[PDB]
Structures are given as structure tokens and as C-alpha cells.
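Notes to accompany the following structure.
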Amino acid sequence: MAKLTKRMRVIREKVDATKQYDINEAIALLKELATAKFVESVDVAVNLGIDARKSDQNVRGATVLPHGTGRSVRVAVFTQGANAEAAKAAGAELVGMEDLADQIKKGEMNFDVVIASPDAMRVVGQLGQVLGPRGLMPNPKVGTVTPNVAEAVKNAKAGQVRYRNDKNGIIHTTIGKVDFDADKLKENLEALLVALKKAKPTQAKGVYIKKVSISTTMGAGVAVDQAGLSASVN
Amino acid sequence: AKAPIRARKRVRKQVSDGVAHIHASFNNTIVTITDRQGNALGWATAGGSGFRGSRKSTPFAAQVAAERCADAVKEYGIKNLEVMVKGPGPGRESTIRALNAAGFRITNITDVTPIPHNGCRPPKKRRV
RNA sequence: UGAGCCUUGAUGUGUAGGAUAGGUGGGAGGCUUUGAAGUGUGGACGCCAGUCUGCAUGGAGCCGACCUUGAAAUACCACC
């Protein structure tokens with residue numbers, strides 16, 4: 001959206017300058033530009049020069065960050081037959097069929113992630129294409145569709161973050177909280193980077209990364225010169 | 001029944017005011033609307049109303065030719081008219097009446113009918 | 001003078017819906033002249049004068065994880 005208002009203006013005044021920045025001085029700048037009473041979350045926009053056509057010329061799936069976000073990652077379990085205590089012991093909030101099949105039909109899902117079974121997907125989620133930003137319907141390409149539900153639930157709650165294309169090459173991915181130190185953030189950044197390179201198609205060997213910019217929630221963003229290869233600020 | 005159509009907004013030249021020209025001959029009437037600076041915004045005829053024979057050169061077939069052109073030029077956004085008359089043919093007044101029924105003041109009925117200084121010889125017609 | 005590429009910035013005006021349905025991650029809210037809204041001024045902009053929006057003034061609002069309607073659902077920051 002990025003609507004131009006008063007409460008945004010203040011943030012645009014308090015910044016010193018806009019330019020493409022070194023990744024470490026962007027993170028240390030970006031941390032000043034949070035404004036909220038809520039602790040903001042930090043993510044990166046990586047623009048890929050790839051076609052982004054279905055899957056084959058796309059980068060789609062997930063990785064486990066070595067360090068988790070300071071949020072829980074609000075997990076549900078959409079399935080046709082599981083033990084509630086066993087999935088809940090893995091960390092799930094709700095296990096069922098009916099309540100999740102209602103939400104994804106209704107067009108509002110109370111959870112940020114649903115781990116889905118192939119059997120759950122089949123009735124609701126397999127046809128859905130235009131799924132919006134709360135990201136309710138399933139995908140296989142993301143890898144949230146697995147019969148091994150309790151492993152992906154425990155890994156979601158501990159630090160698993162996703163990467164996907166939109167209709168474009170653009171990858172949004174979660175890097176941490178503004179609570180965190182600079183190094184610990186670089187360590188999460190660099191884990192995503194090996195994952196976008198591991199998933200990269202055989203044809204995508206020209207110019208790949210077109211542009212980088214890193215963002216905080218209610219606060220601003222700072223555009224990035226590049227991602228770099230280091231898990232340490234130093 | 002009604003459909004959900006977008007709003008109409010179009011422009012052509014928005015002239016607001018004009019001159020009209022009436023060419024009356026012996027077999028037909030030709031009736032023509034223009035801008036006052038001189039550009040055609042449409043025309044109609046009495047022959048294209050299909051009366052044919054003698055009936056084609058009458059005040060009434062001439063009137064309905066005037067109401068046909070005068071309807072079409074609302075799209076050009078003309079709102080007032082003045083008229084130029086050029087001929088001895090029928091539709092002397094009836095042509096005028098049809099522009100005045102188009103909702104115009106027609107205060108200036110300027111006969112400009114060219115009287116050549118005795119021009120070119122007209123056709124003999126029948127051989128007796 | 002078309003189109004592409006690209007920096008930012010924005011509309012989808014419908015039918016149900018307060019009203020504002022480009023693909024979608026972060027994500028449970030923001031309090032410089034309440035984020036507003038509003039005649040007025042410039043720009044985007046309609047399935048139609050109404051949504052977003054610079055701004056003297058205006059402190060009357062958006063809207064979700066959760067007002068509610070829905071087949072895509074909306075804050076707010078990004079991508080455009």
C-alpha cells in the first residue's frame with residue numbers, strides 16, 4: 001500500500017539520507033527507523049530478474065533459520081486424521097478439519113501459517129490461485145503440504161520461514177525482530193541466501209539478483225547494495 | 001433494460017454557434033450546417049428522404065431535410081444558429097421553420113442569393 | 001510519437017461489503033497540524049464523482065488476528 005500520511009512523514013523526516021547502503025550499515029540505520037509501541041519485525045525484499053512463470057523458472061519453498069523470530073509463528077493444523085495431543089505437543093494450537101476448511105472458504109484465516117496434509121489440500125486449497133496476503137490456501141511448492149505434519153509444525157514454530165514468487169521474481173523473507181543484534185540478524189540473512197541459491201533454476205545464471213532492499217514493519221526501509229557472504233557483522 | 005456503462009465526456013469542437021446554408025434548385029433542396037468561421041458540421045437532403053418526382057421539390061420535403069441535418073450537429077455541441085438563403089426554389093420559409101423547430105433563434109435570414117451579372121446559358125430542355 | 005526496460009508513486013470505484021478486490025510476505029494495529037474525513041488547490045482515477053493523495057485549516061477515521069460482507073479481503077510497511 002505505502003499510503004502517504006502524517007504518521008509516515010515523521011519517519012521520513014527523522015532519516016538522514018536515502019541511498020543503496022552496505023548491508024551492515026543499513027541494518028544499524030533501519031533499527032533507528034522503527035517507531036511503534038509493538039516490537040516491529042524485520043524482513044528483506046530481494047527482486048529476482050527471473051521470469052517467475054509457474055515453478056520451473058521460479059524460486060519457491062521454505063528454510064529453517066538457525067535463530068527463530070521473537071514471534072511464535074502462529075501455527076494451525078489442517079488434516080483429515082491426526083492425534084490432537086501429538087500435533088499439539090509438536091506445538092500446534094488447533095488440529096482439525098472443519099474449522100480450517102471453514103476459514104479458507106470464508107476468506108479470512110486467523111492463523112499466519114497452516115500446515116496442511118495432501119488429504120486436507122484436496123477438497124479446499126488445490127484449485128485456489130489468487131489466495132491474497134494472509135496466505136490461507138495451501139501450496140505444494142512452498143512444501144507446507146506434507147503427510148509429515150508434526151515435523152513441519154515444530155520447525156515452523158521454532159524458526160522456519162518461507163520464500164515464494166508472486167507474479168514476479170520478488171522474494172519476501174523474515175530476518176528477525178528489531179530486538180536483535182546485528183550479527184544474529186546477518187546469520188538469519190545468510191541462511192536465506194544459500195536457500196535462494198540452492199533453489200535457483202539451471203537457466204538463471206546470467207544476472208540473478210536485480211535489486212535488494214531491507215524493511216521494518218510500521219518503520220521505513222533502507223535499500224541495499226548487496227546481500228553479501230557473511231554470517232557475522234564482522 | 002439498463003447496463004453499468006461508464007460516463008460520457010467527449011469533445012469534437014464545441015462551437016456553440018454557427019451559420020447554415022440553404023442551396024434551393026428546381027429538382028431538390030440541399031441543406032448544410034457549418035461553424036461561423038466556415039467548416040461543415042453536417043448536411044441532409046430532400047432527395048435522401050426519397051419523395052422523388054415533383055414531390056421531391058416541395059416546402060415539406062425541404063423542411064424534413066432541414067430537421068435531419070439540425071438533429072445530427074448536437075454532437076458537435078452547436079447551441080445557436082444563423083441562416084444564409086441561396087435560391088428561388090421551394091422551402092422559402094419551410095426550411096427555416098425546420099431549423100427553428102430544432103430549437104434555434106433564426107433572427108438573421110440573410111438572403112445572399114447570387115445574382116450573376118447575367119451568367120452562363122441554362123439548358124434548352126425540350127426540343128420544341 | 002507507440003512500446004519495452006527501470007526508480008518511486010497510485011487507481012480496480014463493481015455485486016454483497018463502511019468503503020477502497022494489481023500479485024502477495026512481513027504482520028495484531030499508527031496518534032507532527034486525531035493516519036483521518038471535508039468543500040477548495042494540483043496529481044493519480046471509475047464498472048463514476050468517488051477512492052487514494054501533496055496541503056492552510058481540520059483532531060469528525062481507517063480498519064485486522066477480531067466491527068462485517070465475501071469466490072480473491074481490506075490496518076500499516078514493502079513490491080509495484
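If you're wondering about the labels, chains in the C-alpha cells are A, B, ... by order shown, residues count from 1 in each chain, ligands from 1 in order shown.
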
(request) Compute the chain A side of the contact with chain C at 6 Å, counting only C-alpha atoms (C1' of nucleotides), and hand it back as an NGL selection string. (result) :A and (110 or 130 or 133 or 166-167 or 172 or 217-218)

Against chain C, which residues of chain B fall within 10 Å? For each one I want the closest pair of atoms and the distance in Å (one decimal), counting only C-alpha atoms (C1' of nucleotides), rows by chain and increasing residue number, as JSON lines.
```
{"residue": "B:3", "atom": "CA", "partner": "C:47", "partner_atom": "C1'", "distance": 9.7}
{"residue": "B:4", "atom": "CA", "partner": "C:47", "partner_atom": "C1'", "distance": 6.1}
{"residue": "B:5", "atom": "CA", "partner": "C:47", "partner_atom": "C1'", "distance": 6.9}
{"residue": "B:6", "atom": "CA", "partner": "C:48", "partner_atom": "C1'", "distance": 6.8}
{"residue": "B:7", "atom": "CA", "partner": "C:48", "partner_atom": "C1'", "distance": 6.5}
```

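Between residue 12 in chain B and the residues B:77, B:90, B:42, B:103, the shortest atom-to-atom distance, using only C-alpha atoms, involves B:77.
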
(request) List every residue of range 26-77 of chain B that DSSP, applied to the backbone of this structure, places in strand (DSSP E), and write the result as a ChimeraX atom specification. (result) /B:29-35,40-45

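For the atom pair formed by CA of residue 60 in chain B and CA of residue 35 in chain B, the distance is 25.8 Å, given to one decimal.
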
(request) With a distance cut-off of 12 Å and only C-alpha atoms (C1' of nucleotides), select the neighbouring residues of residue 149 in chain A, excluding the residue or stretch itself and same-chain residues fewer than 4 positions from it, and output the selection as number ranges by chain. (result) A: 75-84, 86-88, 90-92, 95, 114-120, 143-145, 153-156

(message) Based on the backbone DSSP call, show me all residues of range 50-197 of chain A assigned alpha helix (DSSP H), as a VMD selection string.
(response) chain A and resid 84 to 89 98 to 106 118 to 123 149 to 158 182 to 197

(message) Ranking B:27, B:63, B:36, B:115 by minimum distance to residue 100 in chain B and counting only C-alpha atoms, which one comes first?
(response) B:63

Neighbouring residues of residue 38 in chain C were defined as those with any atom within 12 Å, considering only C-alpha atoms (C1' of nucleotides); residues of the same chain fewer than 4 positions away were excluded. Please report them as a PDB file with N, CA, C and O atoms (P, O5', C5', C4', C3', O3' and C1' of nucleotides), in the first residue's frame.
```
ATOM      1  P     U C  57      -2.134  26.065   9.848  1.00  0.00           P
ATOM      2  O5'   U C  57      -3.729  25.590   9.876  1.00  0.00           O
ATOM      3  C5'   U C  57      -4.745  26.552   9.988  1.00  0.00           C
ATOM      4  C4'   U C  57      -6.172  26.100   9.580  1.00  0.00           C
ATOM      5  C3'   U C  57      -6.916  25.034  10.430  1.00  0.00           C
ATOM      6  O3'   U C  57      -7.628  25.535  11.515  1.00  0.00           O
ATOM      7  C1'   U C  57      -7.075  24.521   8.145  1.00  0.00           C
ATOM      8  P     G C  58      -8.252  24.567  12.695  1.00  0.00           P
ATOM      9  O5'   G C  58      -8.881  23.268  11.996  1.00  0.00           O
ATOM     10  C5'   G C  58     -10.259  23.206  11.744  1.00  0.00           C
ATOM     11  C4'   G C  58     -10.562  21.825  11.142  1.00  0.00           C
ATOM     12  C3'   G C  58     -10.270  20.680  12.126  1.00  0.00           C
ATOM     13  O3'   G C  58     -11.402  20.436  12.908  1.00  0.00           O
ATOM     14  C1'   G C  58      -9.405  20.240  10.002  1.00  0.00           C
ATOM     15  P     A C  60     -12.406  13.975  16.758  1.00  0.00           P
ATOM     16  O5'   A C  60     -13.130  13.500  15.404  1.00  0.00           O
ATOM     17  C5'   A C  60     -14.230  12.594  15.605  1.00  0.00           C
ATOM     18  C4'   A C  60     -15.197  12.420  14.428  1.00  0.00           C
ATOM     19  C3'   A C  60     -14.603  11.841  13.110  1.00  0.00           C
ATOM     20  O3'   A C  60     -15.692  11.276  12.456  1.00  0.00           O
ATOM     21  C1'   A C  60     -15.381  14.062  12.741  1.00  0.00           C
TER      22        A C  60
END
```

(request) Mind checking which residues fall within 8 Å of range 45-47 of chain B, counting only C-alpha atoms (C1' of nucleotides), ignoring those fewer than 3 positions away in the same chain, and posting them as number ranges by chain? (result) B: 28-31, 50-52, 56-57, 61-62, 64-66

Could you dump the residues just selected with N, CA, C and O atoms as an mmCIF file, in the first residue's frame?
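Once written, result-v1.cif looks like this:
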```
data_model
loop_
_atom_site.group_PDB
_atom_site.id
_atom_site.type_symbol
_atom_site.label_atom_id
_atom_site.label_comp_id
_atom_site.auth_asym_id
_atom_site.auth_seq_id
_atom_site.Cartn_x
_atom_site.Cartn_y
_atom_site.Cartn_z
ATOM 1 N N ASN B 28 -34.556 19.662 -56.223
ATOM 2 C CA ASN B 28 -34.135 19.254 -54.942
ATOM 3 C C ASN B 28 -33.892 20.515 -54.097
ATOM 4 O O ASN B 28 -34.041 21.686 -54.495
ATOM 5 N N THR B 29 -33.581 20.309 -52.745
ATOM 6 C CA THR B 29 -33.001 21.282 -51.836
ATOM 7 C C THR B 29 -31.824 20.600 -51.196
ATOM 8 O O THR B 29 -31.983 19.419 -50.888
ATOM 9 N N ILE B 30 -30.672 21.209 -51.004
ATOM 10 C CA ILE B 30 -29.555 20.812 -50.253
ATOM 11 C C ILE B 30 -29.449 21.701 -48.991
ATOM 12 O O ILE B 30 -29.384 22.947 -49.125
ATOM 13 N N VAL B 31 -29.456 21.195 -47.784
ATOM 14 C CA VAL B 31 -29.440 21.884 -46.503
ATOM 15 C C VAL B 31 -28.181 21.475 -45.669
ATOM 16 O O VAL B 31 -28.038 20.322 -45.393
ATOM 17 N N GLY B 50 -36.335 10.443 -50.027
ATOM 18 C CA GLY B 50 -36.963 9.568 -51.047
ATOM 19 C C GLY B 50 -38.376 9.925 -51.609
ATOM 20 O O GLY B 50 -38.995 9.057 -52.144
ATOM 21 N N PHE B 51 -38.834 11.175 -51.520
ATOM 22 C CA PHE B 51 -40.080 11.651 -52.221
ATOM 23 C C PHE B 51 -40.125 11.527 -53.723
ATOM 24 O O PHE B 51 -41.130 10.991 -54.176
ATOM 25 N N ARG B 52 -39.013 11.698 -54.445
ATOM 26 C CA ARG B 52 -38.835 11.556 -55.905
ATOM 27 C C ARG B 52 -39.978 12.206 -56.749
ATOM 28 O O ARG B 52 -40.873 12.843 -56.199
ATOM 29 N N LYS B 56 -40.386 15.732 -54.829
ATOM 30 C CA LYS B 56 -39.005 15.938 -54.290
ATOM 31 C C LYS B 56 -38.603 17.440 -54.109
ATOM 32 O O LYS B 56 -37.814 17.731 -53.257
ATOM 33 N N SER B 57 -39.308 18.353 -54.821
ATOM 34 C CA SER B 57 -39.071 19.826 -54.824
ATOM 35 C C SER B 57 -40.294 20.601 -54.286
ATOM 36 O O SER B 57 -40.876 21.455 -54.932
ATOM 37 N N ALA B 61 -40.848 18.564 -48.118
ATOM 38 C CA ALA B 61 -39.715 17.610 -48.224
ATOM 39 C C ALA B 61 -38.398 18.339 -47.897
ATOM 40 O O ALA B 61 -37.511 17.782 -47.181
ATOM 41 N N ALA B 62 -38.330 19.643 -48.231
ATOM 42 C CA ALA B 62 -37.308 20.555 -47.833
ATOM 43 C C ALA B 62 -37.275 20.760 -46.318
ATOM 44 O O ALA B 62 -36.148 20.579 -45.818
ATOM 45 N N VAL B 64 -38.287 18.661 -43.849
ATOM 46 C CA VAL B 64 -37.816 17.494 -43.157
ATOM 47 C C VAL B 64 -36.312 17.307 -43.473
ATOM 48 O O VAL B 64 -35.556 16.742 -42.645
ATOM 49 N N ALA B 65 -35.765 17.752 -44.629
ATOM 50 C CA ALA B 65 -34.322 17.754 -44.857
ATOM 51 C C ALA B 65 -33.574 18.660 -43.788
ATOM 52 O O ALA B 65 -32.566 18.291 -43.148
ATOM 53 N N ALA B 66 -34.082 19.886 -43.577
ATOM 54 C CA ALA B 66 -33.537 20.799 -42.514
ATOM 55 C C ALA B 66 -33.538 20.153 -41.094
ATOM 56 O O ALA B 66 -32.588 20.449 -40.370
#
```

(request) May I have the residues within 7 Å of residue 165 in chain A as number ranges by chain, using only C-alpha atoms (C1' of nucleotides) and disregarding those fewer than 3 positions away in the same chain? (result) A: 52, 58-60, 168-171

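The gap separating CA of residue 37 in chain A from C1' of residue 34 in chain C is 17.6 Å, in Å to one decimal.
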